[PDB]
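Working notes for the structure below.
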Amino acid sequence: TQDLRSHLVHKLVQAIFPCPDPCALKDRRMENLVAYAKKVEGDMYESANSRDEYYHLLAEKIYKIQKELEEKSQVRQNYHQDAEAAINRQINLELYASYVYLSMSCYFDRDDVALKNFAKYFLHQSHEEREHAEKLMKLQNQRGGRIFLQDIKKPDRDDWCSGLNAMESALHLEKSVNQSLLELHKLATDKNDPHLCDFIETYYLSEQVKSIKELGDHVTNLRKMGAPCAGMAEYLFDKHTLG
Amino acid sequence: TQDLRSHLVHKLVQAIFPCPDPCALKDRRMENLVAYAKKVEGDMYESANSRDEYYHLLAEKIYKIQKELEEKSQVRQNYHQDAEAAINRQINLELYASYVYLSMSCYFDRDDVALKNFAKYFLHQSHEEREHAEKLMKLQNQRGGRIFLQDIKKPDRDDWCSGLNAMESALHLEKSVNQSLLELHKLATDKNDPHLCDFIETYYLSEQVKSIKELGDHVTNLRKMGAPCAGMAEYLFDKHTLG
Amino acid sequence: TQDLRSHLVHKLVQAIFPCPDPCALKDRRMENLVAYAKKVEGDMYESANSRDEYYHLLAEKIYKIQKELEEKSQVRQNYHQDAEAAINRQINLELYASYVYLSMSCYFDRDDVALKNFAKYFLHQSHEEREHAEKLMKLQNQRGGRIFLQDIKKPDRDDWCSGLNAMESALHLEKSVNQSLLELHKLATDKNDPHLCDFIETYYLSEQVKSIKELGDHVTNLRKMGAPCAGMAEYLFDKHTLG
Amino acid sequence: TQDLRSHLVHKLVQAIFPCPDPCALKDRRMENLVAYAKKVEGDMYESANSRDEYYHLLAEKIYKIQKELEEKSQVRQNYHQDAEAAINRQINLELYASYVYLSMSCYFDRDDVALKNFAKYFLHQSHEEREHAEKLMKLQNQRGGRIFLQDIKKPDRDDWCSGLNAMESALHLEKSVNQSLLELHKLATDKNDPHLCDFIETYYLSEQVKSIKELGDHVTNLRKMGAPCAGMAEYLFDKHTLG
Amino acid sequence: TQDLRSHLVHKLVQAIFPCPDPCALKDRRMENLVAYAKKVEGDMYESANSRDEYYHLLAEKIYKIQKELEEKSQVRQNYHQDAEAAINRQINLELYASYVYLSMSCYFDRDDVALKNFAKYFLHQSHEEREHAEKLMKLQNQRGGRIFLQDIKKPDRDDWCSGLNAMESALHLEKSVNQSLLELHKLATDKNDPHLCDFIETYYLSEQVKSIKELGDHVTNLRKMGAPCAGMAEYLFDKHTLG
């Protein structure tokens, strides 16, 4: 009953003093801070009541202590925490979309589907999502902001069966990404952020709109040839459009 | 409603004296002409009766004052006004055909159709119609004739739905263009115009006949594969014929 | 008159049911709808009073019935009808500008003017306007919006005489286009449309500002050399600037 | 000596009538205007009180007479004087930054410093600032606006000693330039100027953010290797980063 | 009311001790020096009388204290302060000429002038002046001399109207530059400076004489064709000489 306890206590004691630099002081202040954090954790667990609210309070405490006196940054100029949280959520959504596209590329590449062009297209889309996520991370690093990488969620659907359901899921994901981008643009406009707004509306929407249009065209073509009730239509769309 | 009155009176006062050259006389004769035209318009409107006949009489007056003493031309030799009117009608029909082809290219390029090859073919046809119209305009300018550009009419059909109706409309439009060209040839033969007749029968019919034959072949192929009751036939004709 | 009656009744009966698909039901519901529309037209013509208000009411009815339950679109996300109407008006203005530039190119290419460089420049400007109009149409199609192509108006001036009046008309047309673009930008900003705003301010204004500056420079050069009271100045500006 | 009096009176008499065109009238109206301006200056100097307020009133009078009836411009459409003043201040700041970068490049190129890579980098930065200033001037000229070139201020620091102080000064200058650009963007947004806003946020911020990030990285590298208390660290950063 | 006081006191306290090196002593001697300078400024402001003479005395004190015991230089051999002041004045004149040429290039590039060849020529002349100024700065740095960058003065004329006045101003500026170069040569000859004399008479006069000759030829051509009373002459000189 101490493994999970050790894992949950080794987070705050590392978030408080993350750089144990031995090129200055000794290592007794670190031990004092560890003992103080252990006592605080003990008393707050004694004064607890449940388990989920305890984890929520721990997360809130970690988020509060990580914004104390870190000298802000050297290149950060006029940037609110709401824009940072929006960028973090957008990066998380980009990573989730890349994971979903990777799962789609690996599903159509199996033996029960046998569709190489769809797998290659989904792999290219996953690579584009990864490049967009890396570009967002680099832009956030250039603006002097922290990046809080959370846990990447797993795709809710693993068996795509045919191809129409996968196209509908991709279209819904692209619509959600577009809605998130619109919310980010609105938040940057309401919080005075011209550079991020211009960067998002220039080097991101120009590709997202084209991707949404291509997915809509693919769905329209699939919903007219005879899919999913036409096995030859899928082969024709495979050996011509993405082939 | 005086804005319409000003817009309808600013046409004749500009058609009478279209070149207010300040490198000679002053600007009192122009004012006298404007006052005379205003008085004429006033008395004619007081001696009117309806609205459509008034516009028809104004159009007839404009057409009759634009053929007064403009020294004809310096390169115009043996050319009747009937041939000029026929060339103007042919140019108007060419512009209408180009507009219809542009509308067809922009309709198939949407998201509810998703047909890129048909859109590219219609765009190429619109470009060919535009080049033919420009060539007709240049030929009319080289013969010393006036060009009366009217208003380009809008396509009567905006929702082409499938592709068979668009092909039938294009075939009917090409048949109408061929009939207009035959009427122009007959009028030029009856009015002694060998140069225009030869130019039309050489540098125009050779492409119109091929276009009509190609459209007929496309219609025959669509009316045998299973269109419009076959979604795969449209994709096959897209990814092979125009692809 | 019954030909005009047939032409005006064949619009609503085609706008109500535009896709007579024979791959499902028969053709008796279409006949019933045609009879109902004919009865409606008859009673509304019996309950009429004039002619212009009748056409206005018919246009309003057509515009109302074309926004019923067409499933909106598959790629349309956050887009008000005001922005669509503004895009339609901008496309109409672009087509009118292209027509005016074509008329200018064909006027200077005649025998009474003899200016090939001005004609080539006006033809290039008309081609640029056509490309911009096609790009606007493609952008509207990618956003899931309808395109209502109206009637292209004819140029109010046909005899440009010299070149200074043509330059002034082109400058006024460019100023009107810039004002329309500013109004479109303001409407997109007030209706929350970041993508269209960015696209218009990036891939359109960068060329419109340069065109306005070039036309202003040409007007300044013409209003200093001696035009229009200097025949050699026009030849010098032709065989150097646009030559 | 009347040197200063003549120098201060030769500015208003040249700002009132700046174009003594001899291709029209004679030269007696110019003499009358000069005499009137001399009488006005005499009476205003008799009704003066100090020296600094006199120069301020003269500057205000010059600024108010230079906005009388100059026909505005031929390409200026929707542009307030506040945006023009902001563009002038931005151009002045760009010129000051270019002068400071030139001074930095010439200081490190001396014999008491002996740093060629830093001098080359500062010269490249000065060239970039000069190109940005020329681009701003060209953009202001294309919008039909006046450019009021003031006096370029001298750098407050001439002896940069080491390299860390120069990097801190460059970082502060870049932060001031970014703040000025943000103020210009806010003023253009509050005064309805989409074209200038887009141009500034596209063709200027993309380089300013990268320059600020590079300067921050250089400062971070210098504040970790041992500078300024490490002579070898400067040589290592010279013969690797900028070498 | 203390902003100007702080700005004027932060000059001497920085000129006395310009290198606050923390790699040796502490920071109490700097505070003592600042307090002493503040007391000196206080007593000398109490013992003042006017404002302009106060600034002159401050400038003289700054110039005196900047020549105390800076170990002269390591490459400076036989070089009097008069030659250094002459080089500084020549550099200031070169910067002023570059600024005037930039203003001329930006004025002719506007919309009310429309002269691209003149603008390009003036930009090339400004680039040549900038290169000459950089070469002079590098030569002064190689001789072990200080460079006192003052404030660049603004051009006295902003509205050049035509082109003849601009050519006359450029000719007068080139004559002033030639006179300054002759004075510098005479001062270097009277103070025994063969290297600087040879460098100035070789790598500077060879271009200045050619520039003066070209400007004289341009003025002679403009004063014979009909300028400024001939609008076609300016266009001919633009589209042939500098075109």
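We number each residue from 1, going along the chain as drawn.
Note: Cβ is positioned from N, Cα and C throughout, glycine not excepted.
Just one of C:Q81, C:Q90, C:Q208 is listed by Swiss-Prot for the same Fe cation 2 site as C:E129, C:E174, and that one is C:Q208. Geometry remark: C:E174 (Fe cation 2 binding site) versus C:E94 (Fe cation 1 binding site), CA distance 10 Å.
Its Cβ placed at the centre, C:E174 (Fe cation 2 binding site) has 22 other Cβ atoms within 10 Å. Annotated Fe cation 2 site C:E129, C:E174, C:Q208; additional same-chain residues within 8 Å of its Cβ mean position, judged by their own Cβ, are C:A97, C:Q125, C:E128, C:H132, C:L173, C:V177, C:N178, C:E207, C:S211, C:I212. Summarising the environment of C:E94 (Fe cation 1 binding site), the number of other Cβ atoms within 10 Å of its Cβ, over all protein chains shown, is 22.
Between the listed binding-site residues, namely C:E129, C:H132, C:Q208, the fewest other CB atoms within 10 angstroms of a CB are found at C:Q208. Rounded to a whole value, the Cα-Cα separation of C:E94 (Fe cation 1 binding site) and C:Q208 (Fe cation 2 binding site) is 12 Å. For the recorded Fe cation 1 site, residues C:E94, C:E129, C:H132 set the reference point as the centre of their Cβ atoms, and the other residues of that chain within 8 Å of it by Cβ are C:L95, C:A97, C:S98, C:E128, C:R130, C:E131, C:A133, C:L136.
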